[PDB]
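Undergrad: First the structure, then my questions, so here it is.
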10 protein chains.
Amino acid sequence: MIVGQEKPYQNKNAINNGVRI
Amino acid sequence: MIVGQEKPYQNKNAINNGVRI
Amino acid sequence: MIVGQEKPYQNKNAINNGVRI
Amino acid sequence: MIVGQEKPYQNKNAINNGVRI
Amino acid sequence: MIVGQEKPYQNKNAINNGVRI
Amino acid sequence: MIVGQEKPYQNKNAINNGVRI
Amino acid sequence: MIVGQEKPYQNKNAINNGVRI
Amino acid sequence: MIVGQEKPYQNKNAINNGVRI
Amino acid sequence: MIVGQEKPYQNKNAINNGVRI
Amino acid sequence: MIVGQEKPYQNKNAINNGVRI
């Protein structure tokens with residue numbers, strides 16, 4: 001039973017490489 | 001039973017490479 | 001039973017490479 | 001039973017490489 | 001039963017490599 | 001002159017949410 | 001002259017949320 | 001002249017939230 | 001001249017939240 | 001001239017929150 005995630009709730013995964021204003 | 005995710009709820013996965021204003 | 005996701009609800013997956021204003 | 005995460009709630013994972021203003 | 005995390009709640013994991021203003 | 005990216009070369013942007021074997 | 005990235009070369013940006021074997 | 005990154009070369013930005021084997 | 005990074009070379013930025021084997 | 005980093009070379013920035021074997 002190999003499983004990644006169970007009920008991830010609003011996990012904000014961001015990889016910001018540019019510009020945010 | 002190999003499974004990635006169970007009920008991911010509003011997980012904001014963003015890879016920002018440009019410009020956001 | 002190899003399965004990717006079960007009931008993903010409004011997961012906003014965005015790969016922004018350009019400009020958003 | 002190899003599993004990554006159980007109910008991660010609003011975990012803000014950010015890799016900021018550019019500019020945020 | 002090898003598992004990474006159980007109910008991580010709002011863990012702000014940030015790798016800041018650029019500029020934040 | 002607001003521009004997102006100039007000559008992005010083979011940038012592999014992947015958002016893996018399921019199973020890859 | 002607001003710009004995100006200049007010549008990003010093979011930047012592997014991955015947000016792994018499931019299972020990779 | 002607000003700019004995020006100049007010639008990022010093979011920067012491996014990974015946000016691993018699940019299982020990798 | 002506000003800029004995040006200049007020629008980042010193979011910077012391995014990882015946020016491991018699950019299981020790696 | 002506000003700038004984050006100049007030629008970061010193979011800086012391994014890791015935030016390990018789970019299990020690594």
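Every chain in the structure tokens takes a letter, A first, then B, and so on in the order presented; its residues are numbered from 1, and the ligands are numbered from 1 following the presented order.
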Within 10 Å of residue 3 of chain E, counting only C-alpha atoms, which residues qualify if same-chain residues fewer than 4 places away don't, as number ranges by chain?
TA: A: 2-5; D: 1-6; H: 18-19; I: 18-20; J: 18-20
Undergrad: Select from chain A every residue with an atom at most 9 Å from any atom of chain E, then for each give the shortest pair of atoms and their distance in Å to one decimal, using only C-alpha atoms, rows by chain and rising number, as JSON lines.
TA:
{"residue": "A:8", "atom": "CA", "partner": "E:7", "partner_atom": "CA", "distance": 8.8}
{"residue": "A:11", "atom": "CA", "partner": "E:10", "partner_atom": "CA", "distance": 8.1}
{"residue": "A:17", "atom": "CA", "partner": "E:18", "partner_atom": "CA", "distance": 8.7}
Undergrad: Could the residues in this selection be written to a file with N, CA and C atoms, as a CSV table (one decimal), in the first residue's frame?
TA:
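part-v2.csv, freshly written:
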chain,number,residue,atom,x,y,z
A,8,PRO,N,-4.6,16.0,1.4
A,8,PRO,CA,-3.9,17.3,1.5
A,8,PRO,C,-4.8,18.5,1.3
A,11,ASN,N,-2.7,22.9,0.5
A,11,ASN,CA,-1.2,23.0,0.6
A,11,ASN,C,-0.8,23.9,-0.5
A,17,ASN,N,10.1,31.5,-9.6
A,17,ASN,CA,11.4,31.8,-10.2
A,17,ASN,C,11.4,33.1,-10.9
Undergrad: From a backbone DSSP assignment, name each residue in chain I labelled strand (DSSP E), as a list in words.
TA: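 Taking chain I and keeping strand (DSSP E) only, one gets residues 3, 4, 5, 6, 13, 14, 15, 16, 19 and 20 of chain I.
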